[PDB]
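Report on the structure
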Amino acid sequence: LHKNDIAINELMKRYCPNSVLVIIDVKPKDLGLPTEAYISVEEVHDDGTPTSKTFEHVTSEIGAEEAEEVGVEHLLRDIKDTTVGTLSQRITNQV
Amino acid sequence: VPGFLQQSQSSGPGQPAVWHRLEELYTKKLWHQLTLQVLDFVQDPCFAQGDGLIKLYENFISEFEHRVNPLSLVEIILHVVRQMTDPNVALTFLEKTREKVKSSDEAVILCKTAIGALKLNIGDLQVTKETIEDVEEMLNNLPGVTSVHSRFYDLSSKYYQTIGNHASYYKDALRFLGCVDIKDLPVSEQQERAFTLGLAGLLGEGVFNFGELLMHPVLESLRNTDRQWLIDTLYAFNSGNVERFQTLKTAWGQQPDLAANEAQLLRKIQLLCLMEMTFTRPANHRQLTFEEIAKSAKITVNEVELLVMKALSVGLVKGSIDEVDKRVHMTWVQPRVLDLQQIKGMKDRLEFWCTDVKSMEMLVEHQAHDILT
Amino acid sequence: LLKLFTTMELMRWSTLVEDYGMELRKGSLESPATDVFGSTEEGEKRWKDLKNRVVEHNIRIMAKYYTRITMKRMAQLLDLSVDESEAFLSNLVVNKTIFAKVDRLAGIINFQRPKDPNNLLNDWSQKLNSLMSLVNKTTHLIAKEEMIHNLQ
Amino acid sequence: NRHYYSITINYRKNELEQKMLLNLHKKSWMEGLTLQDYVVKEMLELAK
């Protein structure tokens, strides 16, 4: 985020009381569950700065829905699911 | 009307030079240069009978101009009330400027901070907190100016003068140290601020930690000019803890107000070691022997109960006490601040968990990768 | 009054008598000390009942902190003899307010806990609870990693 | 099939997006950090 991102949210607050920005990633690389989310609040600061508007990180999580896994989860077809109880838990341990 | 400023033209040497421009300011109808030049006259120290005669015309100025923010109207009237000296007839005029001026910029936050400032002669404790609390209610949104928050601290700091919850003054100091970045006032005034700030903040025990932001850069620059023995005993409550000579040193220089909190501040250093000795060491070494508490905290065996169990209610340690061998067991921990030796002490015992686990984690990856494939 | 009820800890019972012995002389209104301490047969019962308030409120907080205690240490903590403790150990335990295992041969006594058969909660609170704080590290670490790397 | 005939549906490769479609799905399904997730004897007393 460049510093200019402060002005994008404050303009559209007429549409929504608090506009949440979502930083995404088109090319998956690192380190884990991708993208990002921020919320716009004002914490000022302890040092005495004029009121500071800084986006605080919002934890992002992927979720599912009915009927949307039809074409989505079809095209992969190469995954082994899972297998829970043998390899699933131990690969996580190494990671 | 133009003849009013011609008789007040020359107040002395150098005064007319800036006043020749002042008369051309309103004739040109430019109210900014007229705001700043009057503010420059307001900034210029005066008796002041000059701003007191013009306040009638400045009142007429705000009428038909209707635009210029009351912030400049409050800055001029606070120099005028110094000539009036009467808070009564001034607050009637102060509220008059509040009701007559309505703009998108809040006129209540600047007036209520001016009301409580003139309310110091009421003297205090009665109607103060009502107009003090009204400030931050309207100031909650939107505190973009952030300069009026210092005026909100003033009447809030004078509300503490009733004594008044000393622990709240250091919390009220956060509304000062957090109102404006730069000092913009003589450091000698703030070196006598940390004089009573370190004392009073240490006096009231309502705040259990009190050492979180005590390393803040803007207050420690004052702690360099401030009396050094007061800071060395502040590091006792900041880190310390004992340092038995330093916790007495605060009773050496400043006698008063510390007599009732002496035995109490002797209690705070006794609960400050309980969290550190387990924090400084890697432990565990969790359960502690009473003789060790009787060494550091130098407390008798019969009083160790009240000591460590009071820390259970404070919340720095939850550890139950084993009373058969009289050994005090610890649970959890209370972290406080940090030091340069703490980061170096961290990398020793923190990364040691990283290098030990990953080393044997490869052993889990090595042997067991064949049974997975 | 309320100070003994909140946060407890320890205080000499005579110091409480120093405060509640002046209520006889206090007044103006002596009627609160009349119905209570003014009657001889009613007061002596409420005096020993006042003891039941101060001694059991210690047992209530001590049951949370045991673990274990020696019998001799309980005497100086309850400000009375070990025999009065055994009397306060008998009358409180028949009310089954605090489970206690009292061994008078070695003097080691304790309040609860029932023999420590616990297995699940030992392993679960270990693995589940504590490691949840250990696995939440990188979660909010990358949250603060964004904070420090955006400015500096 | 009287008056109509169906049509063949194949997928021109989006695999760039389809590769992250698998990565976004499985990583979110792997313990959230892979760490998070990593009745003792009693679960074995229920298992016994």
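Per the PDB entry, chain C goes by the name 26S proteasome non-ATPase regulatory subunit 12 and belongs to Homo sapiens. Per the PDB header, the title for this entry is "Nucleotide-driven Triple-state Remodeling of the AAA-ATPase Channel in the Activated Human 26S Proteasome".

With the PDB entry as reference, chain A is termed 26S proteasome non-ATPase regulatory subunit 7, source organism Homo sapiens.

Some details on the overall build of chain A
Per the secondary structure count, chain A includes three helices and two strands. Scanning chain A from its N terminus toward the C terminus, one meets helices and strands in the order α-β-β-α-α. Since a compact globule built from 95 residues should have a radius of gyration of about 12 Å, the 20 Å found for chain A marks it as more spread out than a globular shape. Projected onto its principal axes, the C-alpha positions of chain A cover 55 × 35 × 20 Å. A total of 95 residues make up chain A; the buried ones form 17% of that total. In chain A, once contacts between residues fewer than 6 apart in sequence are set aside, the share between residues at least 24 apart is 22%. By element, 57% of the accessible surface of chain A is carried by carbon and sulfur atoms, the whole surface being about 6800 Å². Between the centroid of the 9 positive side chains of chain A and the centroid of its 18 negative side chains there is a distance of 5 Å.

Some words on the sheet that holds strand β2 (residues 100-102) of chain C
As a general point, the strands of a sheet are linked pairwise by backbone hydrogen bonds and lie either parallel or antiparallel. All names here are of chain C. Strand order in this open sheet of three strands is β1-β3-β2, and the pairing throughout is antiparallel. The strands lining the two open edges of the sheet, one partner per strand, are β1 (69-70) and β2. Two elements, β2 and strand β3 (residues 108-111), share three bridges in a ladder whose sense is antiparallel. Along β3, the bridge assignment pairs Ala 100 with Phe 111.

As for the nonpolar core
Residues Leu 274 and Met 309 of chain B together with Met 62, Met 74 and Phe 111 of chain C are the most contacted members of the largest nonpolar core, which totals 47 residues. Listing elements by their share of this core, those giving two or more residues are α16 (262-280) and α18 (304-314) of chain B together with α4 (40-65), α5 (71-78), α6 (82-94) and β3 of chain C. With eight residues, the top contributor of residues to this core is α4 of chain C. Counting 27 residues, the second largest nonpolar core, distinct from the first, contains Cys 179, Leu 202, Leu 214 and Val 218 of chain B.

Overview of the interface of chain C and chain B
Facing the 15 residues of chain C at the interface are 15 residues of chain B. Across the chain C to chain B interface the summed buried area is about 1400 Å²; carbon plus sulfur atoms make up 57%. Here chain C and chain B share two salt bridges between them. Linking chain C with chain B are eight residue pairs in polar contact, by the criterion used here. Mapped by element, the contributors of at least two residues to the side of chain C that touches chain B are α4, β1 and α5 of chain C. Here the side of chain C that touches chain B is built from residues that sort into seven nonpolar, four polar and four charged.

Quick look at the interface of chain C and chain A
Facing four residues of chain C, the contacting portion of chain A comprises five residues. Taken together, both faces of the contact between chain C and chain A bury some 430 Å²; the carbon and sulfur share is 63%. Linking chain C to chain A there are zero salt bridges. Across the chain C-chain A interface, the total number found is one residue pair in polar contact. Considering only residue class, the side of chain C that touches chain A consists of two nonpolar, one polar and one charged.

What about the packing of aromatic side chains?
Inspection of every chain in the model, using the stated rule, returns nine aromatic pairs over all chains. A ring pair is formed by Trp 19 of chain B and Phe 41 of chain B, whose centres lie 5.6 Å apart and whose planes are at 5 degrees; its orientation type is stacked. Here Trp 19 of chain B is found in helix α2 (residues 15-27), whereas its partner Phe 41 of chain B is found in helix α3 (residues 31-43), with 22 residues between them in sequence. Where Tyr 66 of chain C meets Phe 111 of chain C, the ring centres are 5.2 Å apart and the plane angle is 50 degrees; that geometry is what we call tilted. Taken together, the residues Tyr 66 of chain C in the loop between α4 and β1 and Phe 111 of chain C in strand β3 connect sequence positions 45 residues apart. A single burial state applies to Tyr 66 of chain C and to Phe 111 of chain C, both of which are buried. Through a chain of ring-to-ring contacts, three or more aromatic side chains come together here, namely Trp 13, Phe 37 and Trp 47 of chain C. Geometry around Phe 290 of chain B places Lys 326 of chain B over its ring, the cationic atom sitting 4.3 Å from the centre. Above the plane of the ring of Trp 13 of chain C lies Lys 51 of chain C, whose end atom (NZ or CZ) is 4.6 Å from the centre.

Considering the arrangement of the chains
With five pairs of chains in contact overall, the greatest share of contacts is found between chains B and C. A gap remains between chain B and chain D, which never touch, and the nearest two C-alpha atoms on either side lie 14 Å apart.

Comments concerning helix α14 (residues 228-238) of chain B
Working note: α-helix, 3.6 residues per turn, so residues spaced by three or four point in the same direction. Residues and elements named next belong to chain B. Buried within α14 are the following residues: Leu 230, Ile 231, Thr 233, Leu 234, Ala 236, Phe 237 and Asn 238. Where α14 is buried, its residues meet α12 (193-203), α13 (217-225), α15 (244-253) and α16. Just downstream of α14 lies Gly 240, where phi reads positive at about 55 degrees.

Side note on unusual backbone geometry
Of note, the bond from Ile 122 of chain B into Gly 123 of chain B is cis; its omega dihedral lies within 30 degrees of zero at -10 degrees. As for its placement among the helices and strands, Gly 123 of chain B is situated in the loop between α7 (108-118) and α8 (128-139). Following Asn 141 of chain B, the chain continues to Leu 142 of chain B via a peptide bond in cis, the omega torsion being -5 degrees. Locating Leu 142 of chain B in the fold gives a position in the loop between α8 and α9 (148-159). The phi dihedral of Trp 332 of chain B is positive, around 55 degrees, even though this residue is not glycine. Within the element layout of this structure, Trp 332 of chain B appears in the loop between β2 (327-328) and α19 (340-349). Phi at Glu 31 of chain D takes a positive value of approximately 45 degrees, unusual for a residue other than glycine. Structurally, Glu 31 of chain D can be placed in the loop between α1 (15-29) and α2 (41-47). The exposure class of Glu 31 of chain D is buried, given its relative accessible area of 12%.

Conventions used here
Residues numbered from 1 in each chain as written, not as in the entry; some residues may be left out. Chains lettered and ligands numbered in written order. Part of a larger assembly, values for the part shown. Heavy atoms only, no water. Helix = DSSP H or I, 4+ residues; strand = E, 2+ residues; numbered from the N terminus. Rg over C-alpha atoms; globule rule 2.2 N^0.38 Å. Buried < 20%, exposed > 50% of the residue type's maximum accessible area, 1.4 Å probe, protein only. Contact = heavy atoms within 4.5 Å. Areas by Shrake-Rupley, 256 points an atom, 1.4 Å probe, with all protein chains shown as cover. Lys, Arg positive; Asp, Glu negative; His and termini not counted. Charge placed at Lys NZ, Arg CZ, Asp CG, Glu CD. Pairing = 2+ DSSP bridges. Core = buried A, V, L, I, M, F, W, Y, C linked by side-chain atoms within 4.5 Å. Buried area = accessible area lost by both parts, 1.4 Å probe. Salt bridge = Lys/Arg side-chain N within 4 Å of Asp/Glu carboxyl O. Polar contact = N/O pair within 3.5 Å; in protein donor to acceptor, adjacent residues only side chain to side chain. Nonpolar A, V, L, I, M, F, W, Y, C, P; charged D, E, K, R; others polar. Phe/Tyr/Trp six-rings, centres within 6.5 Å; stacked < 30°, edge-to-face > 60°. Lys NZ or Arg CZ within 6 Å of the ring centre and 35° of its normal.

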